[PDB]
Amino acid sequence: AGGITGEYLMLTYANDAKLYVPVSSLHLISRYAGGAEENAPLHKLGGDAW
Amino acid sequence: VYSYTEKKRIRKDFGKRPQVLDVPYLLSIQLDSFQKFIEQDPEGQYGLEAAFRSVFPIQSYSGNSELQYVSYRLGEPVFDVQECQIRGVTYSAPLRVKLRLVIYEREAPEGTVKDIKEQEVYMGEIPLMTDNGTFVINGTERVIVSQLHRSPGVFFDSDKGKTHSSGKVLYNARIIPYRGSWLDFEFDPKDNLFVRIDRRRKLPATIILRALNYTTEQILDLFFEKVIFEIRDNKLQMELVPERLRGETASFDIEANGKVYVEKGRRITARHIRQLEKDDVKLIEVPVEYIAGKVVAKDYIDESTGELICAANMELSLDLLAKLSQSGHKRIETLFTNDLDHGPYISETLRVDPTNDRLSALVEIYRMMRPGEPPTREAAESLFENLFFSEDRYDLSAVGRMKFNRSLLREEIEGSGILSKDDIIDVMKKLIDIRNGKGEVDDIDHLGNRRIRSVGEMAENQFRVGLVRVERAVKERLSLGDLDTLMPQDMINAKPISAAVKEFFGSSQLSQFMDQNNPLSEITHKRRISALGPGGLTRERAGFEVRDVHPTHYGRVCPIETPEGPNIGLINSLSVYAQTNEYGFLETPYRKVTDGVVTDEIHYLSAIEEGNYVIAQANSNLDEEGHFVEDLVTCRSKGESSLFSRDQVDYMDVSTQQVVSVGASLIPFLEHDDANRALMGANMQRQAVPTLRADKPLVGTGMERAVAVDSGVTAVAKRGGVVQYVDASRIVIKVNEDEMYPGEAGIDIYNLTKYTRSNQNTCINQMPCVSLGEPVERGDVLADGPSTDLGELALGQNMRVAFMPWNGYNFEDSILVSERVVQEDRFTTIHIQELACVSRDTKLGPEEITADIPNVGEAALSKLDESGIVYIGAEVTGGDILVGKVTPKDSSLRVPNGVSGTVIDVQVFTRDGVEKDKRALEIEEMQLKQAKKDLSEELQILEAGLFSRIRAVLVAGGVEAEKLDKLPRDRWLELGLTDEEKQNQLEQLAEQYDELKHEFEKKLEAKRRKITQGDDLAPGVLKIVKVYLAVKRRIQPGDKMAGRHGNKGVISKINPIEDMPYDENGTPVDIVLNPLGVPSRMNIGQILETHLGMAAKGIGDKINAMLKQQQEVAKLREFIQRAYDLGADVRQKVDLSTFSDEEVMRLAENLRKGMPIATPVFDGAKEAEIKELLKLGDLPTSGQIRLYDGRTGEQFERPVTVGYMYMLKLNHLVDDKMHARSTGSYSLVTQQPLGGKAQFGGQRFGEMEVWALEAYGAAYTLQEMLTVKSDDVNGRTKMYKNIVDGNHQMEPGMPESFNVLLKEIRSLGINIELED
RNA sequence: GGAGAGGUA
Ligand SMILES: [Mg+2]
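Caption draft 1: Structural context of the overall build of chain B. The secondary structure content of chain B amounts to 33 helices and 61 strands. Taken along its principal axes, the extent of the C-alpha atoms in chain B is 120 × 110 × 85 Å.

Caption draft 2: Quick look at the sheet that holds strand 37 (residues 721–726) of chain B. Residue and element names in this part refer to chain B. With respect to topology, 4 strands assemble into an open sheet ordered 39-38-37-43, the strand pairing being antiparallel. Only two strands of the sheet have a single partner each, and these edge strands are strand 39 (748–751) and strand 43 (775–776). Here strand 37 runs beside strand 38 (residues 730–735); their pairing, made up of 5 bridges, is antiparallel. Bridging across to strand 38, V723 finds its partner in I733.

Caption draft 3: Molecular detail of the packing of aromatic side chains. Residues and elements named next belong to chain B. One pass over the structure, following the stated rule, counts 20 aromatic pairs over all chains. Here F34 and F135 contribute two aromatic rings whose centre-to-centre distance is 5.2 Å and whose plane-to-plane angle is 75°, an arrangement assigned as edge-to-face. In this pair, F34 is assigned in helix 1 (residues 28–37) and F135 in strand 6 (residues 135–136), connecting sequence segments 101 residues apart. With respect to class, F34 is no different from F135; both count as buried. When the centroid spacing of 5.9 Å and the interplanar angle of 25° are considered together, the rings of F229 and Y290 count as stacked. Taken together, the residues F229 in strand 14 (residues 226–230) and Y290 in the loop between strand 18 (283–285) and strand 19 (295–296) connect sequence positions 61 residues apart. A relative accessible area of 4% places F229 in the buried class. Taking relative accessible area as the criterion, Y290 reaches 30% and is therefore assigned partly exposed. Taken together, the ring pairs in this structure connect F34, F37, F135, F504 and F505 into an aromatic cluster.

Caption draft 4: Up close: the protein's contact with RNA strand C. Residue and element names in this part refer to chain B. Looking at RNA strand C, there are 13 residues lining it, with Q509, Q512, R539, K1040 and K1048 nearest. The share of sugar and phosphate among atoms of RNA strand C within 4 Å of the protein is 100%. A distance of 3.1 Å separates a phosphate oxygen of RNA strand C from a polar atom in the side chain of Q512. In this structure, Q687 approaches RNA strand C through a side-chain N or O atom, which is 3.2 Å from a sugar or linking oxygen. Grouping the amino acids of the surface near RNA strand C by side-chain chemistry returns 3 nonpolar, 6 polar and 4 charged.

Caption draft 5: Structural context of helix 2 (residues 48–55) of chain B. When you tally the buried positions in helix 2 of chain B, you get 6 out of 8 residues, the bulk of the element. Its buried side turned inward, helix 2 of chain B meets helix 1, strand 2 (58–59), strand 3 (66–74), strand 4 (92–103) and helix 13 (455–479) of chain B.

Caption draft 6: Quick peek at the sheet that holds strand 58 (residues 1157–1158) of chain B. Residue and element names in this part refer to chain B. Pairing in this open sheet of 3 strands is parallel, and the strands run 1-58-35 from one edge to the other. Two strands in the sheet have a free side with no partner beyond their single neighbour: strand 1 (12–13) and strand 35 (699–700). Looking at chain direction, strand 1 and strand 58 are connected through 2 bridges and run parallel. Following the sheet pairing, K12 is matched in strand 58 by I1157.

Caption draft 7: Structural detail: the pattern of salt bridges. Residue and element names in this part refer to chain B. Per the stated rule, a full pass over the model turns up 63 salt bridges over all chains. Between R9 and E792 there is a salt bridge whose closest N-O contact spans 2.4 Å. Residue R9 is found in the segment before strand 1, and its partner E792 is found in the loop between strand 44 (781–784) and strand 45 (797–802); the two are separated by 783 residues along the sequence. With respect to class, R9 is no different from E792; both count as buried. Salt-bridge contacts for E263 lead to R266; the nearest nitrogen and oxygen are separated by 2.4 Å. For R266, a relative accessible area of 39% gives the class partly exposed. Via salt bridges that share partners, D695, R820, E824, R826 and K1153 belong to a single interconnected network.

Caption draft 8: Just the interface of chain B and chain A, in detail. Of the residues lining the interface, 10 residues belong to chain B; the matching set on chain A comes to 9 residues. Buried surface at the junction of chain B and chain A, both sides included, amounts to about 870 Å², of which 58% is carbon and sulfur. A per-residue breakdown of the area chain B buries against chain A is headed by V113, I116 and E118 of chain B, which together make up 44% of the total. At the boundary of chain B and chain A, one finds 0 salt bridges. Across the contact surface, chain B and chain A share 2 residue pairs in polar contact. It is strand 5 (residues 115–127) of chain B that contributes the most residues to the side of chain B that touches chain A, 5 residues altogether. Its residues assigned to classes, the side of chain B that touches chain A shows 3 nonpolar, 2 polar and 5 charged.

Parameters at a glance
Residues numbered from 1 in each chain as written, not as in the entry; some residues may be left out. Chains lettered and ligands numbered in written order. Part of a larger assembly, values for the part shown. Heavy atoms only, no water. Residues with missing side-chain atoms left out of burial classes, pairs and counts. Helix = DSSP H or I, 4+ residues; strand = E, 2+ residues; numbered from the N terminus. Pairing = 2+ DSSP bridges. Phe/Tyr/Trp six-rings, centres within 6.5 Å; stacked < 30°, edge-to-face > 60°. Buried < 20%, exposed > 50% of the residue type's maximum accessible area, 1.4 Å probe, protein only. Near = heavy atom within 4 Å. Polar contact = N/O pair within 3.5 Å; in protein donor to acceptor, adjacent residues only side chain to side chain. Nonpolar A, V, L, I, M, F, W, Y, C, P; charged D, E, K, R; others polar. Contact = heavy atoms within 4.5 Å. Salt bridge = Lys/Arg side-chain N within 4 Å of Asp/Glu carboxyl O. Buried area = accessible area lost by both parts, 1.4 Å probe.

Structure representation (structure tokens):
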């Protein structure tokens, strides 16, 4: 991270756009609530409206 | 010892040196540079990794986030090379980069992370280099020629006394960065050191010296030696080092220690310094007149009042000395000066300097860089700090740092990329040292100072120049806030990157069009070393000296291949074995010689390192143990040949032919010609048109095979095997069992490029030179390209030449030519032209390509189809219609005036959204059928390969030959076999077959999506149609055909076969040259080549006669053995005892037209071997036979030279030059005829051509010449009416281009008029 | 029409 090595969590989204999040900020992470754990959709993270 | 393919026809190699190093890949410079460009670099020094690590990571201005970089990956090209070639688009790779954006937390301190995102994002299409070295940019193959420019570093120099009206030399020093601002120091004629940045206004160097946080005391410490002055009670006991006394004048009683050493009136001798140093004397009692005008070093201020007594750098006087001695100062520090060895050049520049403190220096510099702009304190320090000492706006690369340290006699190869204080101090120190007398300045033409900048480096610099813009935009928008939902596709924009790549590869100063009318022309164009370009000199601003050959050029740059005309020696070519360095300098290989034996290890010596050692000549007689057989051998030590000892040498030359280029080393007997005429020959060789039937050169130089295979024109086998299917169009190679891969077993297919258009309107084809079922090795040619024969270069034909003057039909340089050479159809060449018709959008709407053209009959439309396009294969002549077109009110394409031809291909492209006519659908459907045929034929031939592999691995482990074919070839797994790793091989083969099943069903439909797509075009055009015409330009009076030693000549009469000189056996000579061009133009190489060709076809006629009547293979074997023997210790030594008695007959068929002879360049065939070879033949050994005349039938006394000289037809055909005009169209602003031949243009009666008519009495001719025939628009129509009415009479008038002058003078503030 | 490059004498 510019001279500071950190442990992050790679969560992949749609169009395989990766997203690494800090382990300390773990409370921004939750399990699926749609109940489609084998068929959940894949959000475009940033957004398709651009 | 010899391969099967080279047993087909083996060239007799003369020459005596053993080769210790083969000629390398001839295109290795381009391939190595571009594979340093696009290839993943782990260390991060070469290629896109270097530029990305230079620029990325990019911070924001606020610093709340930054964009970093992970890796890059080139996409698969959307089209391959030949489809990009047809369509008219770049052969390009998309660049997909893994960018990574952090997000910091705001209220958290500097360095914390909210979030980080990563994706593969695209920027820019980069063109890929093709398999040979060319870039396909818009369907025109272009080559980026290498540059030869100023190596960054520091260069000391002196304009040799031709300035200042004095004869005084003015040394100067350039600090040349790789990228950034140059720095110049120079001496005034009055010994004042000056600086300038970027050749702006000159300043003294003390301003840039004080701007580095320096004051005057520090400077006079730095540049100068100290002399101590100790005022004591008794008359100025001064501390004097005796080494400062040498060469100087005595000025008083030099008496010390109670001893009179030196009287006045002496020059201070050696023995006086000797007695001062044995007497150990450190102080001399001197009078105070020795401070007549000397300078104090530092500030001296009072100890009690604390006031200034004398300033630093002030010339002391006796009152000043009194003030110093009265203030309690004992040490007086003076700068040591000297007439020769210590000039005080810094002190007067401090005197000239109007700056006393640092802010004054910075204000002066900020004024000097940007005049105007009233200076502020922060801007000046910022400007000077980013001018030289920032990693962004200044950069001496590793090459710059190498040259910078190696110049100053430092040690380290690496250091800071930017300048440092110590560096600039060293530059002033060394420059003043040169001015004092020690040290030495450089010569700028030395190849230690000139550096090859090839295609990878220039493209990387252009890509970085683009990347600086996009990081700037990213920095702008990233410094714009609310980054929380943002992704790195809208911050980066591919348009600046694609612009800065597309401009350079598309239209640059060194991105030039491929000279593609040979294999040789393209392979000598990819090796070209241009000194032009950005960062280099220009054609009309180049002196006599840079054009000249420097003696450093030996082995790096060829000295005899060079274009003639305005740029001599700016367009140098590489030598044969020469390499580029790690850094870029030109290095040449040399054999290492030990104490007395020439070894075989070779070192690639650079340019600077060539001077330090001593290197032998190329042809030094060594004999079987590495010993130089003489004692006085010729070497070069420091740019000077001399006879040195047997036992002083350091290196040996790798070959006799390492001096010359590859374009020049094909010249046989090059050691006999001139260098002027050999320059004309080796430059002339690159324009030989590919003839109809390529014929091998009888006298080659052994580099013919290397050029014809290193050029990518011959289709060469990748893996050896047995050929299984030869067509006229494709080659099927079954791979041998040892070369076969386990995964992707298969076979090999080659598709041969048929009659397509080379870049200068000649044809290239590939004829297969192998018949069915033949063993092929790796690296073997299979398909001959244009003007190649069995994988050796064959640019022209080889025919019978007799050197007699023949009745004035070959007067100056002309070439009398028998009609047998056109009857044999051996110089008539194909020329394939391209004619395109647009479908524009104009006012009153678009126009059609329909057949209904006004005012034409069935004579015009008799060749067209219904849809407006001529039939493929229709022969047309001039003035015809190939494509019909209309205007909304006749804008049809026509064949241009004078040419013939057969239409061989028609390509229609249509823009997307416009309906395609029935012709376009017809072309599309045979295109789709042919593509389905290609993919299905590949699939089923590869299916035959897979099933043959399966049957090959079914010969053991469960063999039932009948059960192979009970069930068909589709299911060859479920028959009887033992389930082991054999079955694992069959299961790998089965999934490979199913993989090909998938690949066919997707690749055919992908090809459909490519074909059916109506392509992009220019904005405005609906459909473009491009017909390809093909002509056979035969030969005629007027053409220019030449030799290989530059005896160019215009063929002047196709003489009938009967009239030609014929020998007593009756064979008529094909070409009768002129002997007169030999004693002046010193090309005796053509006479020896003629003699050697005559010997070669003497052996050819003996083998042909021995085969015509049937004689056994034992006669052929011994005769060919004797022929390949007979050298005076030659090196070839081919053994026919191992030839299997069909290969002798296969070789003897190929020698029935004359044995090829190889003569290496400077290891040539001597005259004695030629006499022995002629004596082996039944020919007279003097070379000259008795010819009879064709007409008189009598004997020419003084019998004449005949032979077989290798003649090229140059690409200046007379039908492309001959031009005429009576009256066509006219130019717009001036009513004069247009120029050129593309427009129907008349010639230019120029200024020197008007003085010739003034020089006669001729005036009315001149008056009609520049009024009526050209510009008097009232008068040129009346003239035309006057001829057609049969009355030659002129109305002179007044030319309208004089009225143009009147308007363009009167349009200033100048009145100009005509009087009464 | 203008640049850029290469070529011929
Ligand atoms: Mg001429």
